[PDB]
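Below are the chains, spelled out letter by letter.
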Amino acid sequence: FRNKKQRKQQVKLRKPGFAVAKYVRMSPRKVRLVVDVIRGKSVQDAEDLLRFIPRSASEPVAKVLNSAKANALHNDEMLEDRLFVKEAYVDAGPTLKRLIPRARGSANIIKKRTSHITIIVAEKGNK
Amino acid sequence: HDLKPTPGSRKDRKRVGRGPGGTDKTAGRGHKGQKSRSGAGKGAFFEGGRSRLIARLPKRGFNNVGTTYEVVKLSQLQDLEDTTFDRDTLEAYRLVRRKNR
Amino acid sequence: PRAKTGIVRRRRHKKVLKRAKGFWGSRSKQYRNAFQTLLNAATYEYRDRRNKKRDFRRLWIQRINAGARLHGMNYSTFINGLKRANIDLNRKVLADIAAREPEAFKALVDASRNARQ
Amino acid sequence: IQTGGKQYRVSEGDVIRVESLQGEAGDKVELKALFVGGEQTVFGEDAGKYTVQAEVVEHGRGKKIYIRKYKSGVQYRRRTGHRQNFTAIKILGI
Amino acid sequence: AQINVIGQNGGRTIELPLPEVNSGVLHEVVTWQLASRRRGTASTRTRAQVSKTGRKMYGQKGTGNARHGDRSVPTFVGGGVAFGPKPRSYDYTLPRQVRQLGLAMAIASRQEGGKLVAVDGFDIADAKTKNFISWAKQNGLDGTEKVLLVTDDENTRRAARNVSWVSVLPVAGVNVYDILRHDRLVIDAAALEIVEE
RNA sequence: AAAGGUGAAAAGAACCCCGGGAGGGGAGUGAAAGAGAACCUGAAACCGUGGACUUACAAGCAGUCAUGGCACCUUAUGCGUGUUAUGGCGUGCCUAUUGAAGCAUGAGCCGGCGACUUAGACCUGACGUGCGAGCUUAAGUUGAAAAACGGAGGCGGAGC
RNA sequence: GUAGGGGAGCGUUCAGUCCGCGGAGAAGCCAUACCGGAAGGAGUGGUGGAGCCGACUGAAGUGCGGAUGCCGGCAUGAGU
Ligand SMILES: [Mg+2]
Ligand SMILES: [Mg+2]
Ligand SMILES: [Mg+2]
C-alpha cells in the first residue's frame, strides 16, 4: 500500500494484448459494423473474416488487430495460438467539421467524423 | 493551543436594527415584480401632473418675500439668563444666530 | 466585484439529477426534464400518504368479510355486532385475525350473532 | 394501533409513539383487547382481566421524510423536512 | 487612571466613556473608517455603450427566430455589463462626537485590559531595534502579542521592523482601528494622552 | 473574430514489436507518462464496451404509493441500496388567462453568459447610533503604512 | 392560497480580523443508505496536484429552465 504516491512508483501500469488506432478517418458508426463480427473470437478468424468482409473499415480494424497481436506476443510473451479477441470497440475522436454550399445561398456543415479503433487480445484457454 | 476564535476586532457586532438586508426581487420561487403589466423598464407616469386638481384650481395671489424677522421670544430672556447682555451681539451665544435678517 | 455562479449551479443540479433514478430516459439524464418530472412528483408523493391510508383500510375491509361471509355473516353485519358488544373493539388487526387465526376469527364471528339476534 | 398496543404475541421489541416515561425498564402496562395465552381466545372486557407488561427500550427519531407540496401554473412549490419520534418497547406482559 | 511606566507615574487623569465600551459604537466607527479607505475601482463596461460593437443587426422580422439590436447588450456574450460597477467613493462623514467617543471608548477598552504608557525611552539608544526588543522583554512584551506604539519621537519608532509584535504610529495620529487592531497599546506619549481643550 | 496551461528542469522518449503512415505496445528519463508534446484539472450533453436485474396479449406525461421476485450489503445485513413484476392512483413546465393536458405561446439536449441597479450635501418614512433645545458641516487645509483642522452654509427655534 | 405587504434564514465571491489546515497532499471533480424545518451541511472513499475550511463583521457584476434569449459543444431526422 503505502499511499497513492508510492504506488505510482512501485508500479508502472501496463496493457496486456492491447493496441489502438487513434484517429482513423472513418465514422465510428461505420467501423463498428465490422468491429462487431470480429468481437470475441479466434484472433485467427478475425484475421480471416477481415480479409473477406467487404466494408472498407476492414483495413484499419485489420491493422489494429495485428498490432495488438504483435504485442500480446512480443511485449507480453503470450502464446499466439490461444489468443482470441478478448475485447474490441470504437470510440469517436475529434470531428472534422467542413462547410458545404447549398441551394440559394444557405450553407451546411458536413461532419467528417473519425474513430479510435482499439482492440484487446488475450489468451483464451478453458481452465 | 486548544481552540478559540478570539473576541475583539472580530467580536465587534453590529447593533441590531443598525442595518437590514437589501431586497433582491425574488422572494420564494415566484417573483415577477411590479404590477402584472402596464408598467416597467421606464419612468414617467410620475406622481404629479397638471390636470389632477393642480390645474383647475384658482390663483394668482402674488409672492413678495419682504423681510423675515428673528423672533426672539420673551422666555428666552426672562425666566433664566441673568442679563447676559442683549446689545446686538451676546444674544448670538445666548442663542439666536440668525444673521442676514 | 465579479461573482460567477461556478460550482454553485452544477451542484444544485446534481441534487435533482440524482433524485431521478429509474426515471426513464431524458427524465433521468437531463436536468430540466428530470427536475420538471419531480414537480408532478410532488403531487403524487404528498397526496399518496393522505391516501395509502385510504387504500389500506380497503384491503382490511375486503378480507374482514371474506371470512365474515365464510360463516354466514358479512362485514356490514359482523362489524356492527362486535360493535353491539362495546366489549369487542379491535377493527384494527381484525382482518389479520381473520386471515391467520381461523380458530379465533370464528369466535368473534359467532360472538356477534350472539349479540345480534 | 392508536397508541399502546394490545392483542397477544410472545414479547417482541416493537416501536410506537413516544411514551413519555423516558429512561428504560419503565415497566409499561397496556390493558389488552384480545389474545390467546394458551390458545385461549379472549375478546374484549373479558380480556381486560389479563394484561400486558412491556418495558421502554429506547427513544427514536424516525427516518427523515421530505414533505413536498406542489400546484401548477400558480407557481407554488414547498420543501420541508420531517421525521416522527417514537419509543421502543419490549413486550412481556401477562 | 493608568500608572505611567517611564520617567514618572501619575495616571488617574482621564474620564472614560460610560458605561463600559460599546462595540456597536466601535462598530459604527471602524466601519466608517474602512469605507473611507475603500477606493473606487470598477473595471466594467456596464455600458452597452462603452463596449465595442455596431448598432443594427439582422431583420426585425422574417429571418426565423431572433429579434436583436446590436451584439453588445446584457444578454450577449461579450456584450456589456448591465447593472455593473462604475467608480465611486463610499466615503461619508461620521458625526464628529463619535469619532471622539471612538478611540476614547477604545482606550478604555485597552485600559480595562492590557493598557500601557511610557514617558521617553532612554532605554533605546540609537536605532538598534535589537535593544528595542531588549526593553520589550523586561517590559513584558514577550513577543507573543500585537503591539501598537503611538508616540512622536522620530528616532524611537525607527526601532520596529519586527513583525507580529508591534506596529509604529506617529504624533498621536492614532486611530480606533489600529488600536483595536493590535493587542496591547503602548499609548506612550502622554501627549494626546492627558490635556485637551 | 476565437484562440492560454508538458515538467522543478527537456532530462522531450536512444533501441525493439505491428503499420506505407497515422497510431500504438514495450524499454528508458521523470516524483509522477494514474505529466508525451492534438501534454494542469477535465463537470455535463452526447457515443460505446462489459456486468446485474428485466422485456416479445401490450394502450403507455412516463411517475407515485403498496406488495412480491432477484441481486447486493464500506455512513449498509438490520435497515436498507439497486433492479424488477402486479395492483391502485395519476391530464408535462412555463406564459397568458373568465377558463390550459391542452389541437394556445415559448423551447432539440447540456454547460457556461444572462435582468429592478448606480447617483445625486435631492424629498419622504421605519429601524438604529451620537449629541440634544440645540444639531451639523461643504469647499479647502495640513497630515496620512492614520485624521484632525476647517462654521461660509444648512435644519429646530411663530404664526397668519 | 394568486397579485401584494411583513418576518427569519441558506448560499456565492471579494475585504478586514480570529482559529487554523495542507506534498504521508488544498481547491475542483466523482460516489454515498448521514445530518438539519428548508435554502443547505458533514463524514468516508476515488481523482487531483497546489493552494485552502470554519467564525464575526463589511461590500456585492450574489443564486436561474424558460426570454423564437447569447456563445460553445453534442444529439434527432439517418446512414436517410
Ligand atoms: Mg468585453
Ligand atoms: Mg398569441
Ligand atoms: Mg435554456
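Analysis parameters
- Residues numbered from 1 in each chain as written, not as in the entry; some residues may be left out.
- Chains lettered and ligands numbered in written order.
- Part of a larger assembly, values for the part shown.
- Heavy atoms only, no water.
- UniProt positions renumbered as here; feature names shortened; annotations may be inferred.
- Pairing = 2+ DSSP bridges.
- Helix = DSSP H or I, 4+ residues; strand = E, 2+ residues; numbered from the N terminus.
- Axes fitted to C-alpha atoms, helices over the stretch in contact; angles between N-to-C directions.
- Contact = heavy atoms within 4.5 Å.
- Buried area = accessible area lost by both parts, 1.4 Å probe.
- Salt bridge = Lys/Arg side-chain N within 4 Å of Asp/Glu carboxyl O.
- Polar contact = N/O pair within 3.5 Å; in protein donor to acceptor, adjacent residues only side chain to side chain.
- Nonpolar A, V, L, I, M, F, W, Y, C, P; charged D, E, K, R; others polar.
- Near = heavy atom within 4 Å.
- Core = buried A, V, L, I, M, F, W, Y, C linked by side-chain atoms within 4.5 Å.
- Buried < 20%, exposed > 50% of the residue type's maximum accessible area, 1.4 Å probe, protein only.
- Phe/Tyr/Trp six-rings, centres within 6.5 Å; stacked < 30°, edge-to-face > 60°.
- Parallel < 35°, antiparallel > 145°, perpendicular 65-115°, else oblique.
- Expected span 1.5 Å × (residues − 1).
- Left-handed = near helix turned anticlockwise from the far one by under 90°.

For this deposited structure, the header cites X-ray crystallography as the method used and 2.91 Å as the resolution.

As named in the PDB entry, chain C is 50S ribosomal protein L20, taken from Deinococcus radiodurans. This entry appears in the Protein Data Bank under the title "Refined native structure of the large ribosomal subunit (50S) from Deinococcus radiodurans". According to UniProt, the comment filed for chain C under the heading Function is "Binds directly to 23S rRNA, probably serving to organize its structure." The record in UniProt for chain C states the following under Sequence similarities: "Belongs to the bacterial ribosomal protein bL20 family."

Under the PDB entry, chain B has the name 50S ribosomal protein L15 and belongs to Deinococcus radiodurans. In the Function part of its UniProt record, chain B is described as follows: "Binds to the 23S rRNA." Recorded in UniProt for chain B, the comment headed Sequence similarities runs: "Belongs to the universal ribosomal protein uL15 family."

J.: Sorry, what's going on with the sheet that holds strand 1 (residues 147-150) of chain E here?
T.: Whenever strands of a sheet pair, they do so through backbone hydrogen bonds, lying parallel or antiparallel. Residues and elements named next belong to chain E. Judged by pairing direction, the sheet is parallel, and its three strands sit side by side in the order 2-1-3 without closing on themselves. Looking along the sheet, the strands with just one partner apiece sit at the ends: strand 2 (166-169) and strand 3 (184-186). Each strand axis lies, on average, 20° off the axis of its neighbour in the sheet, ignoring direction.

J.: What is the right way to look at the sheet that holds strand 5 (residues 52-58) of chain D in this model?
T.: Residues and elements named next belong to chain D. Read across the open sheet, the four strands follow the order 1-8-5-2; overall the sheet is antiparallel. Two strands lie at the open edges of the sheet, namely strand 1 (13-16) and strand 2 (27-30), each paired on one side alone. Between one strand axis and the next, the sheet turns through 40° on average, direction left out of account.

J.: Help me understand the interface of chain C and chain D, please; the structure alone is not making it clear to me.
T.: Size of an interface, as often reported, equals the accessible area lost when the parts are brought together. With 24 residues of chain C at the interface, the matching set in chain D holds 19 residues. Summed over both partners, the interface of chain C with chain D comes to about 1700 Å²; 54% of that surface belongs to carbon and sulfur atoms. Of all residues in chain C, the largest losses of buried area upon contact with chain D belong to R19(C), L39(C) and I87(C), amounting jointly to 26% of the total for that side. Here chain C is connected to chain D by one salt bridge. Note that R68(D) and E45(C) form a salt bridge whose closest N and O atoms lie 3.1 Å from each other. Inspection of the region where chain C meets chain D yields five residue pairs in polar contact. Within the side of chain C that touches chain D, the residues separate by chemical class into 14 nonpolar, three polar and seven charged.

J.: In this structure, what is going on with the protein's contact with RNA strand F? I would like to understand it.
T.: Around RNA strand F there are 84 residues in total, and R37(B), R9(C), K21(C), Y44(C) and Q33(E) lie nearest to it. In RNA strand F, the atoms that sit within 4 Å of the protein are 72% sugar and phosphate, with bases accounting for the remainder. Contact between RNA strand F and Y44(C): a sugar or linking oxygen at 2.4 Å from a side-chain N or O atom of the residue. For the surface near RNA strand F, the secondary structure elements donating two or more residues are helix 1 (4-10), strand 1 (18-24) and helix 5 (69-72) of chain A, helix 1 (8-17) and helix 2 (31-68) of chain C together with helix 1 (23-37) and helix 2 (96-112) of chain E. The biggest single contributor to the surface near RNA strand F is helix 2 of chain C, with 10 residues. Looking at the surface near RNA strand F, its residues break down into 26 nonpolar, 26 polar and 32 charged.

J.: Hey, could you run me through the pattern of salt bridges in this one?
T.: For side chains bearing opposite charge, pairing can occur when the charged atoms are close. Counted according to the given criterion, the structure contains 12 salt bridges over all chains. Across the pair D46(D) and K49(D) runs a salt bridge whose closest N-O atoms are separated by 2.6 Å.

J.: Even after reading the chapter, I still don't get the nonpolar core, so can you show me in this structure?
T.: When a protein is soluble and globular, its nonpolar side chains tend to lie buried together. Formed by 24 residues in total, the largest nonpolar core has its most connected members in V31(A), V35(A), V61(A), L65(A), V85(A), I117(A) and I119(A). Of all the secondary-structure elements, those providing two or more residues to this core are strand 1, helix 2 (28-37), helix 3 (43-52), helix 4 (58-65), strand 2 (83-92) and strand 5 (115-123) of chain A. It is strand 2 of chain A that contributes the most residues to this core, four residues altogether. Ranked by size, the runner-up nonpolar core spans 19 residues in total, among them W32(E), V98(E), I179(E) and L180(E).

J.: Sorry, what's going on with the packing of aromatic side chains here?
T.: One pair of aromatic rings is described through two measures. These are the centre distance and the angle between the planes. Residues and elements named next belong to chain C. On inspection of all chains with the given rule, the structure shows three aromatic pairs over all chains. Note on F78 and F105: the rings are 5.4 Å apart at their centroids and 40° apart in plane angle, and the pair reads as tilted. With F78 in helix 3 (residues 75-84) and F105 in helix 5 (residues 102-113), the pair connects residues that are 27 residues apart, well separated along the chain. In this structure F78 comes out as buried when scored by relative accessible area, which is 0%.

J.: What am I meant to see in unusual backbone geometry here?
T.: Of all residues except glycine, most have a negative phi; of all peptide bonds, most are trans. All names here are of chain E. Here the bond from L18 into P19 is cis, since omega is 0°, no more than 30 degrees from zero. Even without a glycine there, the phi angle at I194 is positive, about 115°. Topologically, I194 is positioned in the segment after strand 3.

J.: Is there a simple way to think about the packing of helix 2 of chain C against helix 3 of chain C in this case?
T.: Residue and element names in this part refer to chain C. Direction vectors running N to C along helix 2 and helix 3 enclose 95°, while the axes themselves pass 9 Å from each other. As the angle between them shows, helix 2 and helix 3 are arranged roughly perpendicular. Only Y75, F78 and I79 of helix 3 make contact with helix 2, whose side of the interface consists of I61, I64, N65 and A68. When grouped by side-chain class, the residues that make up the contact of helix 2 with helix 3 number six nonpolar, one polar and no charged.

J.: Got a minute to help me understand helix 2 of chain E in this structure?
T.: One turn of an α-helix holds 3.6 residues; hence residues three or four places apart share an orientation. For helix 2 of chain E, spanning 17 residues, the distance from its first C-alpha to its last is 24 Å, which sits close to the expected 24 Å at 1.5 Å a residue. Turning to helix 2 of chain E, the residues buried within the fold contact helix 1, helix 5 (176-181) and strand 3 of chain E.

J.: Would you explain the protein's contact with RNA strand G in this entry?
T.: As a matter of local geometry, RNA strand G sits amid 70 residues, with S27(A), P5(B), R10(B), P1(C) and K146(E) nearest to it. If you look at RNA strand G and keep only atoms within 4 Å of the protein, 77% of those are sugar or phosphate atoms. Between RNA strand G and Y66(D), the relevant distance is 2.7 Å, taken from a base oxygen to a side-chain nitrogen or oxygen of the residue. Here a phosphate oxygen of RNA strand G sits 2.9 Å away from a polar atom, N or O, in the side chain of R83(D). If you list the elements that add at least two residues to the surface near RNA strand G, you get helix 1 and helix 2 of chain A, helix 1 and helix 2 of chain C together with strand 7 (77-82) of chain D. With eight residues, the top contributor of residues to the surface near RNA strand G is helix 1 of chain C.

J.: Can you help me understand the packing of helix 3 of chain A against helix 4 of chain A in this one?
T.: Each pair of packed helices gets described by two things: the angle between the helix axes and the distance between those axes. Residue and element names in this part refer to chain A. The interhelical angle for the contact between helix 3 and helix 4, taken along N-to-C directions, is 155°, at an axis separation of 10 Å. Taken together, the axes of helix 3 and helix 4 are roughly antiparallel relative to one another. Between helix 3 and helix 4 lies a crossing whose hand is left-handed. Contact with helix 3, carried on its side by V43, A46, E47 and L50, involves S58, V61, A62 and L65 of helix 4 and no other residues of that element. A class-by-class count of the residues in the contact of helix 3 with helix 4 yields six nonpolar, one polar and one charged.

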